[PDB]
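What follows is a pair of forms of the same protein chain, given separately as structure tokens and numbered structure 1 and structure 2.
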Structure 1
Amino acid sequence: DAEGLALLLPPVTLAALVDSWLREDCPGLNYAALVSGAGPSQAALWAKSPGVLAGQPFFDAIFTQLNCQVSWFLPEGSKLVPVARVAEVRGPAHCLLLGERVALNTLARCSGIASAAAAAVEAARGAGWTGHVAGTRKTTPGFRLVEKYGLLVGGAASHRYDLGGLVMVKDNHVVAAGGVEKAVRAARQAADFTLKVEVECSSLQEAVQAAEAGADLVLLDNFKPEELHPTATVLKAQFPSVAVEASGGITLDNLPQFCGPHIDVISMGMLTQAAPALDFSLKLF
């Protein structure tokens, strides 16, 4: 259930995020506040786009800072069928109007990402695939928390949250260490026993070498589907312990061709780099 995902959020990081957003939007005097005054008011939140609602905790934390309350008519994760009345916000008029843009901006993006994740999860399910659709570290700097949380709301896995969550050996590591085996052995020796090591591999030879040197996960990078499945099949046969991830150029359109019985995870840069924001408005009534 998506309603439970809010529990994941670090509250100290949340509060600081919210403050820095409001500071960004209004660092000094807000002259518009005299236009609206402090009279108690109510505003309706409208969804004008189809997709998945995500970002309630952030929307709430923005408005709570500004002494406003929110009532949701749809739970976190609901399908959105425009034009829908999603929520009501109450508080002093200038407070509502001060938070409006930042709150809509957050909900729009979080919902945009959750929508793209859900479409990808749906296409995979429709192709018979049971594994994890996942995001990447291709997130807007400073805004990871919202973006990874959006992915989760959409039913995708977030993948490692940051550099501290998993040790990922990539092409650049392989080059710097002087070869796949040296890179993986160094990664394995260096990584705390609590961490997994994943290795980005551009061929089957690399993947085998990586599995032999102790990789927990092998990421098959930029394979055409026709070489991908035979590669994953062998790896799973020779190394059934190793998880297999596919990534590189995977889109909502081609995703079903990348699904296969020997792929455990499919990760997509597009879920965060190319998810258009949903359209929401907040109309004072």
Structure 2
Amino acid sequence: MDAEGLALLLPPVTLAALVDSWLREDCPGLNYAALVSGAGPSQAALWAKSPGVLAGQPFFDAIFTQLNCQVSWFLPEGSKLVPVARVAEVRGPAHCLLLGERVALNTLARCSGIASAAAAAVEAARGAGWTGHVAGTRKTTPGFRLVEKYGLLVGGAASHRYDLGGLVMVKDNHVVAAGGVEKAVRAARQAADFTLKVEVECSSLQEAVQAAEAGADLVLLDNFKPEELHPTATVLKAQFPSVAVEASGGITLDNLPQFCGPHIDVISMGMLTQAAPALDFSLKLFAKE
């Protein structure tokens, strides 16, 4: 919960190995920019030039540690950013400093952007007194999910149980191939041999209702209109009481009030990751000394 203790969430080995691949991706051969740089001791200042939330310090750190550079932060992880802010200093050999600059900035930029979009969107949820949770989707970038998931958590959103946990989602496609929703749900509880929580993706009011009577614990109301969403939700908590309702599909920071309803527990926003602009950063080398 506390934004700063969350650095402890990232597993050191797979994070080291994930930063290793990125470094390899970007310089596959001889680095001629080093020959201009020299290997003289140097320093750079990291300027944040965008409003938002700051997230991604552990990835930033690990990248420069791999190049045996050191980094000193003046804002914590989760600080509000007010443009043109000194956030950090980086020290090490010039050529290693400039090797790690792209990857590092690029990583911080998008991580912060997704924390920033997430923060905005939870401030919109409390704005309309809504007392459910804002969540992300699995609509992440192949190869980059550790970073994006961390951003959502920093900016206050939540990883869906999809990998924050494990709930056996049934998508319509599951429903289609299983032969209807009832079949797919006992096949969903066939496997897990305990009080499981099963969730169904539902595109229409009829689908939602069959799913609940089939005994699902969450109903996902996908790509509904606010007009038809709340009537659908109200019935399904007159159906069963423990059935949570989740809303995804076409939800944006502006029109999110329209989805915050008396009768929705969760809102998943695909744009937290698919549409979030990257925060603007730059690493300007200050002195050589």
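Note that the rigid core is defined as the largest set of C-alphas that superpose within 1.5 Å between two forms. Structure 1 provides the reference sequence; residues are numbered from 1 along it.
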Original post:
Hey, after the core superposition between structure 1 and structure 2, which of 77, 155, 92, 214 has the C-alpha moving 2 angstroms or more?
Top reply: 214
Subject >> residue 165 C-alpha shift between structure 1 and structure 2 of 2 Å or more, rigid core reference >> reply: yes
Original post:
Taking the rigid core as reference, does residue 204 move its C-alpha 2 Å or further between structure 1 and structure 2?
Top reply: yes
Original post:
Is residue 121 among the residues whose Cα moves by 2 Å or more between structure 1 and structure 2 after superposition of the rigid core?
Top reply: no
**OP:** Enter the rigid core superposed C-alpha shift of residue 188 between structure 1 and structure 2, rounded to one decimal in Å.
**Re:** 1.4
